[PDB]
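Everything below belongs to input_16.pdb, which stores PDB, C-alpha atoms.
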MODEL        1
ATOM      1  CA  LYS A   1      75.910 240.522 -80.678  1.00  0.00           C
ATOM      2  CA  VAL A   2      76.009 236.745 -80.398  1.00  0.00           C
ATOM      3  CA  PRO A   3      73.202 235.309 -78.346  1.00  0.00           C
ATOM      4  CA  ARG A   4      74.026 234.185 -74.879  1.00  0.00           C
ATOM      5  CA  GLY A   5      72.857 231.074 -73.173  1.00  0.00           C
ATOM      6  CA  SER A   6      71.573 232.853 -70.108  1.00  0.00           C
ATOM      7  CA  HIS A   7      70.552 236.296 -68.996  1.00  0.00           C
ATOM      8  CA  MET A   8      70.066 238.112 -65.694  1.00  0.00           C
ATOM      9  CA  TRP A   9      70.155 241.788 -64.884  1.00  0.00           C
ATOM     10  CA  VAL A  10      69.766 243.623 -61.585  1.00  0.00           C
ATOM     11  CA  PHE A  11      68.522 247.146 -61.324  1.00  0.00           C
ATOM     12  CA  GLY A  12      70.456 249.513 -59.154  1.00  0.00           C
ATOM     13  CA  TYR A  13      68.648 252.438 -57.636  1.00  0.00           C
ATOM     14  CA  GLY A  14      70.713 253.362 -54.615  1.00  0.00           C
ATOM     15  CA  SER A  15      74.383 252.894 -53.772  1.00  0.00           C
ATOM     16  CA  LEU A  16      74.734 250.360 -56.570  1.00  0.00           C
ATOM     17  CA  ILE A  17      74.658 253.232 -58.987  1.00  0.00           C
ATOM     18  CA  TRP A  18      78.073 254.383 -57.839  1.00  0.00           C
ATOM     19  CA  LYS A  19      79.528 251.354 -56.116  1.00  0.00           C
ATOM     20  CA  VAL A  20      79.221 247.675 -56.892  1.00  0.00           C
ATOM     21  CA  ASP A  21      80.389 244.657 -54.937  1.00  0.00           C
ATOM     22  CA  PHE A  22      79.670 242.061 -57.567  1.00  0.00           C
ATOM     23  CA  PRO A  23      81.015 241.245 -61.027  1.00  0.00           C
ATOM     24  CA  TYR A  24      79.152 242.394 -64.141  1.00  0.00           C
ATOM     25  CA  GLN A  25      79.477 241.999 -67.884  1.00  0.00           C
ATOM     26  CA  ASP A  26      77.470 244.994 -68.967  1.00  0.00           C
ATOM     27  CA  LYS A  27      75.676 248.015 -67.629  1.00  0.00           C
ATOM     28  CA  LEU A  28      73.051 250.438 -68.947  1.00  0.00           C
ATOM     29  CA  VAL A  29      71.480 253.655 -67.729  1.00  0.00           C
ATOM     30  CA  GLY A  30      67.702 253.498 -67.764  1.00  0.00           C
ATOM     31  CA  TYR A  31      64.498 253.621 -65.760  1.00  0.00           C
ATOM     32  CA  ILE A  32      61.791 251.446 -64.353  1.00  0.00           C
ATOM     33  CA  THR A  33      58.187 252.496 -63.830  1.00  0.00           C
ATOM     34  CA  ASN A  34      55.475 252.157 -61.236  1.00  0.00           C
ATOM     35  CA  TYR A  35      57.804 252.783 -58.305  1.00  0.00           C
ATOM     36  CA  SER A  36      59.239 255.911 -56.787  1.00  0.00           C
ATOM     37  CA  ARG A  37      62.483 256.340 -54.836  1.00  0.00           C
ATOM     38  CA  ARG A  38      62.175 257.711 -51.313  1.00  0.00           C
ATOM     39  CA  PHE A  39      64.527 258.191 -48.374  1.00  0.00           C
ATOM     40  CA  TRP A  40      62.241 256.225 -46.089  1.00  0.00           C
ATOM     41  CA  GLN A  41      64.693 253.547 -45.131  1.00  0.00           C
ATOM     42  CA  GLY A  42      66.862 253.768 -42.040  1.00  0.00           C
ATOM     43  CA  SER A  43      70.517 252.915 -41.977  1.00  0.00           C
ATOM     44  CA  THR A  44      72.167 251.488 -38.900  1.00  0.00           C
ATOM     45  CA  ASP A  45      75.012 249.678 -40.584  1.00  0.00           C
ATOM     46  CA  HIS A  46      76.112 252.075 -43.256  1.00  0.00           C
ATOM     47  CA  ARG A  47      75.160 255.737 -43.014  1.00  0.00           C
ATOM     48  CA  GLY A  48      73.939 255.777 -39.459  1.00  0.00           C
ATOM     49  CA  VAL A  49      74.125 253.701 -36.325  1.00  0.00           C
ATOM     50  CA  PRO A  50      71.701 252.212 -33.865  1.00  0.00           C
ATOM     51  CA  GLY A  51      70.383 255.022 -31.788  1.00  0.00           C
ATOM     52  CA  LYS A  52      71.240 257.531 -34.532  1.00  0.00           C
ATOM     53  CA  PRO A  53      70.082 256.075 -37.842  1.00  0.00           C
ATOM     54  CA  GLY A  54      70.696 257.575 -41.203  1.00  0.00           C
ATOM     55  CA  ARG A  55      68.220 257.754 -44.061  1.00  0.00           C
ATOM     56  CA  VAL A  56      68.772 255.935 -47.341  1.00  0.00           C
ATOM     57  CA  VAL A  57      66.649 255.047 -50.339  1.00  0.00           C
ATOM     58  CA  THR A  58      63.944 252.478 -50.747  1.00  0.00           C
ATOM     59  CA  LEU A  59      61.363 251.877 -53.455  1.00  0.00           C
ATOM     60  CA  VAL A  60      57.671 252.502 -52.958  1.00  0.00           C
ATOM     61  CA  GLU A  61      54.846 251.490 -55.230  1.00  0.00           C
ATOM     62  CA  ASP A  62      53.652 254.512 -57.140  1.00  0.00           C
ATOM     63  CA  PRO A  63      51.485 254.053 -60.225  1.00  0.00           C
ATOM     64  CA  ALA A  64      52.718 257.293 -61.701  1.00  0.00           C
ATOM     65  CA  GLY A  65      56.269 256.743 -60.594  1.00  0.00           C
ATOM     66  CA  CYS A  66      59.576 256.417 -62.300  1.00  0.00           C
ATOM     67  CA  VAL A  67      63.043 255.502 -61.007  1.00  0.00           C
ATOM     68  CA  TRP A  68      66.134 256.335 -63.031  1.00  0.00           C
ATOM     69  CA  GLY A  69      69.075 254.052 -62.326  1.00  0.00           C
ATOM     70  CA  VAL A  70      71.544 251.543 -63.709  1.00  0.00           C
ATOM     71  CA  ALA A  71      70.938 247.960 -64.737  1.00  0.00           C
ATOM     72  CA  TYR A  72      73.822 245.514 -64.360  1.00  0.00           C
ATOM     73  CA  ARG A  73      74.160 242.287 -66.253  1.00  0.00           C
ATOM     74  CA  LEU A  74      75.340 239.357 -64.194  1.00  0.00           C
ATOM     75  CA  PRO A  75      78.148 237.318 -65.758  1.00  0.00           C
ATOM     76  CA  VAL A  76      77.049 234.604 -68.078  1.00  0.00           C
ATOM     77  CA  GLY A  77      77.159 231.255 -66.391  1.00  0.00           C
ATOM     78  CA  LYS A  78      77.470 232.840 -62.967  1.00  0.00           C
ATOM     79  CA  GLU A  79      74.099 234.519 -62.637  1.00  0.00           C
ATOM     80  CA  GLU A  80      72.616 232.138 -60.151  1.00  0.00           C
ATOM     81  CA  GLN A  81      75.678 232.309 -57.872  1.00  0.00           C
ATOM     82  CA  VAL A  82      75.870 236.056 -58.024  1.00  0.00           C
ATOM     83  CA  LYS A  83      72.210 236.299 -57.255  1.00  0.00           C
ATOM     84  CA  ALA A  84      72.690 234.164 -54.210  1.00  0.00           C
ATOM     85  CA  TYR A  85      75.411 236.442 -53.095  1.00  0.00           C
ATOM     86  CA  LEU A  86      72.998 239.333 -53.410  1.00  0.00           C
ATOM     87  CA  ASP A  87      70.106 237.501 -51.785  1.00  0.00           C
ATOM     88  CA  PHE A  88      72.270 236.909 -48.724  1.00  0.00           C
ATOM     89  CA  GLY A  89      73.208 240.567 -48.313  1.00  0.00           C
ATOM     90  CA  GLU A  90      69.535 241.463 -47.793  1.00  0.00           C
ATOM     91  CA  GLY A  92      65.817 241.668 -43.094  1.00  0.00           C
ATOM     92  CA  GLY A  93      62.626 241.038 -45.093  1.00  0.00           C
ATOM     93  CA  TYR A  94      63.342 242.180 -48.661  1.00  0.00           C
ATOM     94  CA  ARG A  95      61.520 240.895 -51.670  1.00  0.00           C
ATOM     95  CA  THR A  96      62.569 240.536 -55.253  1.00  0.00           C
ATOM     96  CA  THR A  97      60.415 241.136 -58.274  1.00  0.00           C
ATOM     97  CA  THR A  98      60.863 241.407 -62.002  1.00  0.00           C
ATOM     98  CA  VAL A  99      60.141 244.637 -63.836  1.00  0.00           C
ATOM     99  CA  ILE A 100      60.578 246.202 -67.212  1.00  0.00           C
ATOM    100  CA  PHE A 101      63.668 248.277 -67.592  1.00  0.00           C
ATOM    101  CA  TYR A 102      63.673 251.038 -70.188  1.00  0.00           C
ATOM    102  CA  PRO A 103      67.108 251.918 -71.479  1.00  0.00           C
ATOM    103  CA  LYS A 104      68.015 255.517 -71.876  1.00  0.00           C
ATOM    104  CA  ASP A 105      69.410 254.522 -75.220  1.00  0.00           C
ATOM    105  CA  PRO A 106      66.503 254.135 -77.602  1.00  0.00           C
ATOM    106  CA  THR A 107      68.423 251.620 -79.697  1.00  0.00           C
ATOM    107  CA  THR A 108      68.279 248.962 -77.004  1.00  0.00           C
ATOM    108  CA  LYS A 109      64.888 247.407 -76.447  1.00  0.00           C
ATOM    109  CA  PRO A 110      63.351 247.303 -72.973  1.00  0.00           C
ATOM    110  CA  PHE A 111      63.784 244.080 -71.018  1.00  0.00           C
ATOM    111  CA  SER A 112      63.146 242.365 -67.719  1.00  0.00           C
ATOM    112  CA  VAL A 113      65.266 243.069 -64.690  1.00  0.00           C
ATOM    113  CA  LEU A 114      65.499 241.865 -61.130  1.00  0.00           C
ATOM    114  CA  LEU A 115      64.601 244.322 -58.447  1.00  0.00           C
ATOM    115  CA  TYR A 116      65.213 244.139 -54.726  1.00  0.00           C
ATOM    116  CA  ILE A 117      62.624 245.913 -52.600  1.00  0.00           C
ATOM    117  CA  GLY A 118      62.489 246.514 -48.887  1.00  0.00           C
ATOM    118  CA  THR A 119      59.321 245.546 -47.064  1.00  0.00           C
ATOM    119  CA  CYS A 120      57.330 247.317 -44.397  1.00  0.00           C
ATOM    120  CA  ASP A 121      58.290 244.278 -42.396  1.00  0.00           C
ATOM    121  CA  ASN A 122      61.936 245.281 -42.619  1.00  0.00           C
ATOM    122  CA  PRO A 123      63.320 246.333 -39.244  1.00  0.00           C
ATOM    123  CA  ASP A 124      65.071 249.424 -40.632  1.00  0.00           C
ATOM    124  CA  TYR A 125      62.088 250.838 -42.477  1.00  0.00           C
ATOM    125  CA  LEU A 126      61.307 254.256 -41.112  1.00  0.00           C
ATOM    126  CA  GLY A 127      58.565 255.488 -43.400  1.00  0.00           C
ATOM    127  CA  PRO A 128      57.653 258.935 -44.639  1.00  0.00           C
ATOM    128  CA  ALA A 129      58.612 262.136 -43.011  1.00  0.00           C
ATOM    129  CA  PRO A 130      58.729 265.789 -43.955  1.00  0.00           C
ATOM    130  CA  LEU A 131      61.625 266.727 -46.111  1.00  0.00           C
ATOM    131  CA  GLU A 132      63.088 269.141 -43.660  1.00  0.00           C
ATOM    132  CA  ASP A 133      63.238 266.487 -40.983  1.00  0.00           C
ATOM    133  CA  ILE A 134      64.775 263.916 -43.323  1.00  0.00           C
ATOM    134  CA  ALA A 135      67.321 266.433 -44.370  1.00  0.00           C
ATOM    135  CA  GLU A 136      68.174 267.131 -40.780  1.00  0.00           C
ATOM    136  CA  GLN A 137      68.553 263.453 -39.962  1.00  0.00           C
ATOM    137  CA  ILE A 138      70.816 263.046 -42.961  1.00  0.00           C
ATOM    138  CA  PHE A 139      72.925 265.988 -42.090  1.00  0.00           C
ATOM    139  CA  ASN A 140      73.710 264.659 -38.623  1.00  0.00           C
ATOM    140  CA  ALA A 141      74.088 260.976 -39.351  1.00  0.00           C
ATOM    141  CA  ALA A 142      77.229 258.967 -39.986  1.00  0.00           C
ATOM    142  CA  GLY A 143      77.885 255.259 -40.074  1.00  0.00           C
ATOM    143  CA  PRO A 144      80.434 252.567 -40.763  1.00  0.00           C
ATOM    144  CA  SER A 145      80.516 253.494 -44.424  1.00  0.00           C
ATOM    145  CA  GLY A 146      80.644 257.242 -44.007  1.00  0.00           C
ATOM    146  CA  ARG A 147      78.547 260.332 -43.584  1.00  0.00           C
ATOM    147  CA  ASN A 148      74.915 260.218 -44.626  1.00  0.00           C
ATOM    148  CA  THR A 149      75.514 263.431 -46.504  1.00  0.00           C
ATOM    149  CA  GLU A 150      78.074 261.658 -48.607  1.00  0.00           C
ATOM    150  CA  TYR A 151      75.511 259.092 -49.628  1.00  0.00           C
ATOM    151  CA  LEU A 152      72.947 261.703 -50.594  1.00  0.00           C
ATOM    152  CA  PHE A 153      75.396 263.800 -52.520  1.00  0.00           C
ATOM    153  CA  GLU A 154      76.799 260.865 -54.367  1.00  0.00           C
ATOM    154  CA  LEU A 155      73.407 259.680 -55.435  1.00  0.00           C
ATOM    155  CA  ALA A 156      72.533 263.185 -56.577  1.00  0.00           C
ATOM    156  CA  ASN A 157      75.707 263.575 -58.504  1.00  0.00           C
ATOM    157  CA  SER A 158      75.162 260.287 -60.218  1.00  0.00           C
ATOM    158  CA  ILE A 159      71.624 260.917 -61.268  1.00  0.00           C
ATOM    159  CA  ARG A 160      72.479 264.398 -62.474  1.00  0.00           C
ATOM    160  CA  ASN A 161      75.260 263.034 -64.532  1.00  0.00           C
ATOM    161  CA  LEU A 162      72.941 260.784 -66.418  1.00  0.00           C
ATOM    162  CA  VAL A 163      69.741 262.783 -66.672  1.00  0.00           C
ATOM    163  CA  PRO A 164      68.064 266.136 -65.981  1.00  0.00           C
ATOM    164  CA  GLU A 165      67.212 267.201 -62.442  1.00  0.00           C
ATOM    165  CA  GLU A 166      63.497 266.792 -63.069  1.00  0.00           C
ATOM    166  CA  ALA A 167      64.227 263.112 -63.273  1.00  0.00           C
ATOM    167  CA  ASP A 168      63.960 262.868 -59.473  1.00  0.00           C
ATOM    168  CA  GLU A 169      62.229 265.709 -57.567  1.00  0.00           C
ATOM    169  CA  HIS A 170      62.468 264.134 -54.104  1.00  0.00           C
ATOM    170  CA  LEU A 171      66.153 263.475 -54.377  1.00  0.00           C
ATOM    171  CA  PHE A 172      67.108 266.877 -55.704  1.00  0.00           C
ATOM    172  CA  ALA A 173      64.995 268.693 -53.172  1.00  0.00           C
ATOM    173  CA  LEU A 174      66.646 266.801 -50.321  1.00  0.00           C
ATOM    174  CA  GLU A 175      70.046 267.560 -51.703  1.00  0.00           C
ATOM    175  CA  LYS A 176      69.205 271.221 -51.721  1.00  0.00           C
ATOM    176  CA  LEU A 177      68.007 271.221 -48.186  1.00  0.00           C
ATOM    177  CA  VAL A 178      71.166 269.463 -47.043  1.00  0.00           C
ATOM    178  CA  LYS A 179      73.381 271.626 -49.184  1.00  0.00           C
ATOM    179  CA  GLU A 180      71.849 274.568 -47.403  1.00  0.00           C
ATOM    180  CA  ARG A 181      74.592 273.819 -44.891  1.00  0.00           C
TER     181      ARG A 181
ENDMDL
END

Mind converting the file's structure to structure tokens?
Amino acid sequence: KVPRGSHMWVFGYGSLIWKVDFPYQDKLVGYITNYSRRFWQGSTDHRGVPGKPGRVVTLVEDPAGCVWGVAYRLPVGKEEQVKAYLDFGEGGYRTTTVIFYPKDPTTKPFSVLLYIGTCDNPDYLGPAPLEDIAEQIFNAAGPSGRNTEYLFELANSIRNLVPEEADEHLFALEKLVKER
């Protein structure tokens, strides 16, 4: 209710949806537009290893795109510090500000911080046929666990908060992997 002195939100589209390493005062399910979520990023430190990389999500510019996720509000008075913590966790990523549309119609859309991987990033793999991606995911495991666990968790989370049509690429991939 009462206005706050400062505001900063970060949009989570990947693992942040289910697991967060930073403190937050609020969270909301919603979507951003003009980007699409694709498993075109390689993982060598989480869901895969060097020489056997996993596939994880990254955001790609898509004018007709939509990405359903969770926006997290950084703690008031600690936003700048928390951001720094995040900035330091991320190769050549870039941050941008975008409009976040809450699932709840009662809350008005607002600006959020978004972290996006560049082509320049060393782990970027790029597009590949779904069957191949699914295969790579099925066989990959890294310091944080199996790649399949990451895909399934993301799928479960999205499903829990919205219909399956919300993300065709994700659901399709899950199906291909589940076919096993």

* Check what the PyMOL selection byres ((chain A and resi 77-81) around 12) selects in the file above and give those residues as a list in words. => residues 4, 5, 6, 7, 8, 9, 10, 22, 23, 24, 25, 72, 73, 74, 75, 76, 82, 83, 84, 85, 86, 87, 88 and 114 of chain A

Sorted by chain and rising residue number, list the residues of region 88-176 of chain A at most 8 Å from region 31-49 of chain A (counting all atoms listed in the file), each with its closest atom pair and distance in Å to one decimal, as JSON lines.
{"residue": "A:99", "atom": "CA", "partner": "A:32", "partner_atom": "CA", "distance": 7.0}
{"residue": "A:100", "atom": "CA", "partner": "A:32", "partner_atom": "CA", "distance": 6.1}
{"residue": "A:101", "atom": "CA", "partner": "A:32", "partner_atom": "CA", "distance": 4.9}
{"residue": "A:102", "atom": "CA", "partner": "A:31", "partner_atom": "CA", "distance": 5.2}
{"residue": "A:103", "atom": "CA", "partner": "A:31", "partner_atom": "CA", "distance": 6.5}
{"residue": "A:104", "atom": "CA", "partner": "A:31", "partner_atom": "CA", "distance": 7.3}
{"residue": "A:124", "atom": "CA", "partner": "A:42", "partner_atom": "CA", "distance": 4.9}
{"residue": "A:125", "atom": "CA", "partner": "A:41", "partner_atom": "CA", "distance": 4.6}
{"residue": "A:126", "atom": "CA", "partner": "A:41", "partner_atom": "CA", "distance": 5.3}
{"residue": "A:127", "atom": "CA", "partner": "A:40", "partner_atom": "CA", "distance": 4.6}
{"residue": "A:128", "atom": "CA", "partner": "A:40", "partner_atom": "CA", "distance": 5.5}
{"residue": "A:129", "atom": "CA", "partner": "A:40", "partner_atom": "CA", "distance": 7.6}
{"residue": "A:134", "atom": "CA", "partner": "A:39", "partner_atom": "CA", "distance": 7.6}
{"residue": "A:141", "atom": "CA", "partner": "A:48", "partner_atom": "CA", "distance": 5.2}
{"residue": "A:142", "atom": "CA", "partner": "A:48", "partner_atom": "CA", "distance": 4.6}
{"residue": "A:143", "atom": "CA", "partner": "A:48", "partner_atom": "CA", "distance": 4.0}
{"residue": "A:144", "atom": "CA", "partner": "A:46", "partner_atom": "CA", "distance": 5.0}
{"residue": "A:145", "atom": "CA", "partner": "A:46", "partner_atom": "CA", "distance": 4.8}
{"residue": "A:146", "atom": "CA", "partner": "A:47", "partner_atom": "CA", "distance": 5.8}
{"residue": "A:147", "atom": "CA", "partner": "A:47", "partner_atom": "CA", "distance": 5.7}
{"residue": "A:148", "atom": "CA", "partner": "A:47", "partner_atom": "CA", "distance": 4.8}
{"residue": "A:151", "atom": "CA", "partner": "A:47", "partner_atom": "CA", "distance": 7.4}
{"residue": "A:170", "atom": "CA", "partner": "A:38", "partner_atom": "CA", "distance": 7.0}
{"residue": "A:171", "atom": "CA", "partner": "A:38", "partner_atom": "CA", "distance": 7.6}

* Write out as a VMD selection string each polymer residue whose atoms come within 12 Å of residue 181 (chain A), counting only C-alpha atoms; drop sequence neighbours fewer than 5 positions from it. => chain A and resid 135 to 136 138 to 140 149 174 to 176

* So how far away is CA of residue 12 (chain A) from CA of residue 108 (chain A), in Å? ->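 About the pair CA of residue 108 (chain A) and CA of residue 12 (chain A): they are 18.0 Å apart.
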
Name the residues that the PyMOL selection byres ((chain A and resi 115) around 6) pulls out of this structure, and write them as a PDB file with C-alpha atoms, keeping the file's coordinate frame.
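And here's result-v9.pdb as it stands now:
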ATOM      1  CA  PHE A  11      68.522 247.146 -61.324  1.00  0.00           C
ATOM      2  CA  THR A  96      62.569 240.536 -55.253  1.00  0.00           C
ATOM      3  CA  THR A  97      60.415 241.136 -58.274  1.00  0.00           C
ATOM      4  CA  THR A  98      60.863 241.407 -62.002  1.00  0.00           C
ATOM      5  CA  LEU A 114      65.499 241.865 -61.130  1.00  0.00           C
ATOM      6  CA  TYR A 116      65.213 244.139 -54.726  1.00  0.00           C
TER       7      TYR A 116
END

* Asked: When distances are computed from all atoms listed in the file, which of A:71, A:156, A:167, A:28 shows the smallest separation from residue 106 (chain A)?
  ->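 Between A:71, A:156, A:167, A:28, the residue approaching residue 106 (chain A) most closely is A:28.
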
* What is the CA of residue 18 (chain A)-CA of residue 56 (chain A) distance in Å, reported with one decimal? -> 14.1 Å

* **Gap from CA of residue 51 (chain A) to CA of residue 15 (chain A) - Å, one decimal** =>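 Computing it gives 22.4 Å between the two atoms.
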
Using only the atoms of region 8-22 of chain A listed in the file, plus 6 Å on each side, state the axis-aligned box centre and edge lengths in Å rounded to one decimal, as AutoDock Vina command-line options.
--center_x 74.5 --center_y 246.2 --center_z -59.7 --size_x 23.9 --size_y 28.3 --size_z 23.9

* Explicit residues for the PyMOL selection byres ((chain A and resi 94) around 6) (as a list in words) -> residues 93, 95, 117, 118 and 119 of chain A

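With only C-alpha atoms as the basis for measurement, A:70 is the residue among A:63, A:70, A:92, A:113 that approaches residue 159 (chain A) most closely.
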
* **Top pick for closest residue to residue 163 (chain A), considering A:177, A:2, A:20, A:29 and counting only C-alpha atoms** => A:29

* Structure fact -> Using only C-alpha atoms, the residue out of A:89, A:120, A:60, A:55 with shortest distance to residue 21 (chain A) is A:89

Could region 101-119 of chain A be written out with N, CA and C atoms, as a compact mmCIF listing (two decimals), in the first residue's frame, please?
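Writing the result to selection_37.txt gives the following:
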# COMPACT_ATOMS: atom_id res chain seq x y z
N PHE A 101 6.49 -5.50 -17.81
CA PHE A 101 6.03 -6.75 -17.30
C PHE A 101 4.54 -6.66 -17.09
N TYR A 102 3.80 -7.62 -17.61
CA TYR A 102 2.36 -7.66 -17.50
C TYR A 102 1.92 -8.70 -16.50
N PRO A 103 1.43 -8.28 -15.36
CA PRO A 103 1.01 -9.23 -14.34
C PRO A 103 -0.15 -10.08 -14.77
N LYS A 104 -0.15 -11.32 -14.34
CA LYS A 104 -1.23 -12.21 -14.63
C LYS A 104 -2.46 -11.64 -13.98
N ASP A 105 -2.29 -11.05 -12.82
CA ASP A 105 -3.41 -10.49 -12.10
C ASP A 105 -3.73 -9.16 -12.71
N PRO A 106 -4.92 -9.04 -13.25
CA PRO A 106 -5.36 -7.81 -13.91
C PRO A 106 -5.41 -6.60 -12.99
N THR A 107 -5.58 -6.82 -11.71
CA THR A 107 -5.64 -5.73 -10.75
C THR A 107 -4.36 -4.92 -10.58
N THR A 108 -3.23 -5.54 -10.85
CA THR A 108 -1.95 -4.88 -10.74
C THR A 108 -1.55 -4.37 -12.10
N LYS A 109 -1.25 -3.09 -12.18
CA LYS A 109 -0.84 -2.47 -13.42
C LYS A 109 0.55 -2.87 -13.90
N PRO A 110 0.74 -2.96 -15.19
CA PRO A 110 2.03 -3.35 -15.74
C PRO A 110 3.10 -2.38 -15.32
N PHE A 111 4.33 -2.82 -15.21
CA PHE A 111 5.45 -1.97 -14.81
C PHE A 111 6.79 -2.46 -15.34
N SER A 112 7.78 -1.60 -15.28
CA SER A 112 9.11 -1.91 -15.74
C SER A 112 9.86 -2.92 -14.90
N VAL A 113 10.58 -3.80 -15.56
CA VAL A 113 11.39 -4.79 -14.93
C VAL A 113 12.73 -4.93 -15.62
N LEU A 114 13.69 -5.42 -14.87
CA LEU A 114 15.04 -5.63 -15.31
C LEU A 114 15.10 -7.01 -15.91
N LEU A 115 15.76 -7.13 -17.03
CA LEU A 115 15.90 -8.39 -17.71
C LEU A 115 17.34 -8.68 -18.07
N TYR A 116 17.79 -9.89 -17.80
CA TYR A 116 19.15 -10.25 -18.14
C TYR A 116 19.12 -11.14 -19.37
N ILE A 117 19.80 -10.73 -20.43
CA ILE A 117 19.82 -11.48 -21.67
C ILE A 117 21.19 -11.86 -22.18
N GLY A 118 21.35 -13.12 -22.51
CA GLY A 118 22.59 -13.62 -23.04
C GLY A 118 22.84 -13.14 -24.44
N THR A 119 24.09 -12.82 -24.75
CA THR A 119 24.46 -12.35 -26.07
C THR A 119 24.95 -13.46 -26.95
